[PDB]
Each structure stands twice: as C-alpha cells, then as structure tokens.
Amino acid sequence: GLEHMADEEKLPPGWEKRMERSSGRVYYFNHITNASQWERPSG
C-alpha cells in the first residue's frame, strides 16, 4: 500500500511478480513456460 499504479504492478498474461525466499528479491516468473526475469516482460 501507499505506492503508485505503474504497469510494473500488472504483469502480462502468464507472468507473475514474486519475491525470492532465499534473498528477498522481487522478480517476474512466467508459469506458461516456467521462465523468469527481472526486467518488465511483455505478453
């Protein structure tokens, strides 16, 4: 809460914005192809 609503918050279809439990680092994960990236993806 108390943030902005950039397009960074509404990931494309198949992608999900999650955080790593190991270091606590936010990233994106594509459940369609079991991929992931840090840069904003595009469906």
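Calculation criteria
Residues numbered from 1 in each chain as written, not as in the entry; some residues may be left out. Heavy atoms only, no water. Helix = DSSP H or I, 4+ residues; strand = E, 2+ residues; numbered from the N terminus. Buried < 20%, exposed > 50% of the residue type's maximum accessible area, 1.4 Å probe, protein only. Contact = heavy atoms within 4.5 Å. Pairing = 2+ DSSP bridges. Axes fitted to C-alpha atoms, helices over the stretch in contact; angles between N-to-C directions.

Structure determination for this PDB entry is given in the record as solution NMR.

Glancing now at the side chain of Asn30. On the secondary structure map, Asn30 appears in strand β2 (residues 26-30). The exposure class of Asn30 is buried, given its relative accessible area of 10%. Once residues within four sequence positions are removed from consideration, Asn30 is found in contact with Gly14, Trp15, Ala35 and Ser36.

Although it is not a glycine, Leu2 sits at a positive phi angle of roughly 60°. Structurally, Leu2 is set in the segment before β1 (15-19). Residue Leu2 is classed as exposed on the basis of its relative accessible area of 92%. Of note, the phi angle at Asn34 is positive, near 60°, even though the residue is not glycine. For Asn34, the position within the fold is in the loop between β2 and β3 (35-37). Relative accessible area serves as the criterion here: at 62%, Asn34 is assigned to the exposed category.

Both β1 and β2 contribute to a ladder of five bridges, which runs antiparallel. Looking across to β2, one finds that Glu16 is bridged to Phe29. What sits between β1 and β2 in their antiparallel hairpin is a turn of six residues, with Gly24 showing a positive phi close to 80°.

Strand order in the open sheet made by the three strands is β1-β2-β3, with antiparallel pairing throughout. The two strands at the open ends of the sheet, each matched to only one other strand, are β1 and β3. For this sheet the average axis-to-axis angle between neighbouring strands, irrespective of direction, equals 30°.

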